[PDB]
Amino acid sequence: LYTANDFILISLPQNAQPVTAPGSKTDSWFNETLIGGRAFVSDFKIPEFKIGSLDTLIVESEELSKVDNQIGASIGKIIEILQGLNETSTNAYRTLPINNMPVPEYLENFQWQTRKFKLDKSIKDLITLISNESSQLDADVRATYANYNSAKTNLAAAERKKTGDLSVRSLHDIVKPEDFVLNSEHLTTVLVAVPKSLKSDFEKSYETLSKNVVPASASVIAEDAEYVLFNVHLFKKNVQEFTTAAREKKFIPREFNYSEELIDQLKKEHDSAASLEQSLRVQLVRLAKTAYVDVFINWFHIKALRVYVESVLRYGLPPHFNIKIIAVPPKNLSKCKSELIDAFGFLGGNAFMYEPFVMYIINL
């Protein structure tokens, strides 16, 4: 079960009243009449931004639409990453707290960050500044995610080496130097994975699989559900014959040339891959969480700007607007929207039955 957590940002002229409820006060209508009083409606406070030029409003509206959509896409990705790491949930509660309060509490009290994004800057310059910072945070998250994924690649490769039965699995964490004839110019050791059913066949036959097998040298050094792994000591010059003969008997010789260096480096691969994945996972969780918060705050600063520009374009100046954020109950978004349109769609002109007034839907 997926439970929608949708919000509507709406702006109206200060003196606009719902056509469907003549003689109602607009503010009480929102609380008591809209969808039978079942929405949670809050004031949404927006600064009176510095319009650089009346002529650039339409271009700012277009840019704000683009940036609103871009940051929304970025936040969606960050959330996906956190979900992939079980740092947040899917069907419900798909956010993190903002400023140590739940998203809905943050949204019921939105305040423009006047010390961060100074209100003496034009709309044009605020867009640039907020858009650039948000883009950088997105690039930062993407870079660390790519690095983490690359670490996961090395970890998965190292882990894969220790999987499978004794016919395929790496033997480096199984064998000991005592299992081998080491540092001989003429003698060596072959490891053979033998299907458990053929264990006796091997024990009976190995001493004659080639010339110069050391008699009685075979021992069982490991076993699993399907296989026994034997060592066998024999002359280096006879290893090809032994290997070919063993394979013809359905035994599986396992190439293994024992050295401290080889074993050490194979151990160091797995250890180092695990430590690297661990470190990058922690780095990624921390960065994705801090980025989520800063990006979400920035997203709502962009929405504030967008709502202001649109309200100026659609309702004119001076900027006397009644602005609200609505928490819509699950399964009631389509109805809330239609009730709002019936009540206030006149603002768009009778010919326009795009929303007919300043209204944005945010899917959280």
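From 1 onward, residues are counted along the sequence shown.
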Which fits the stretch between residue 353 and residue 354: none, 1 to 3, 4 to 9, or 10 or more deposited residues lacking coordinates? 10 or more
Mean temperature factor over C-alpha atoms, higher-scoring stretch between 90-98 and 156-164: 90-98
So 191-199 or 208-216, which one's hotter by mean CA B-factor in the entry? 191-199
Name the one of 186, 233, 121, 270 with the greatest CA B-factor according to the PDB entry. 270
Top Cα B factor in the deposited entry, candidates 47, 329, 37, 318: 37
What third of its chain, lowest, middle or highest, does the C-alpha temperature factor of residue 180 fall into? middle
Chain third (lowest, middle, highest) by recorded CA B-factor, residue given as residue 33: highest
Lowest, middle or highest third - CA B-factor, residue 283: middle
Third of the chain's Cα B-factor distribution that residue 42 belongs to, per the entry: middle
State the tercile, meaning the lowest, middle or highest third, of residue 26 with respect to the CA B-factors recorded for its chain. highest
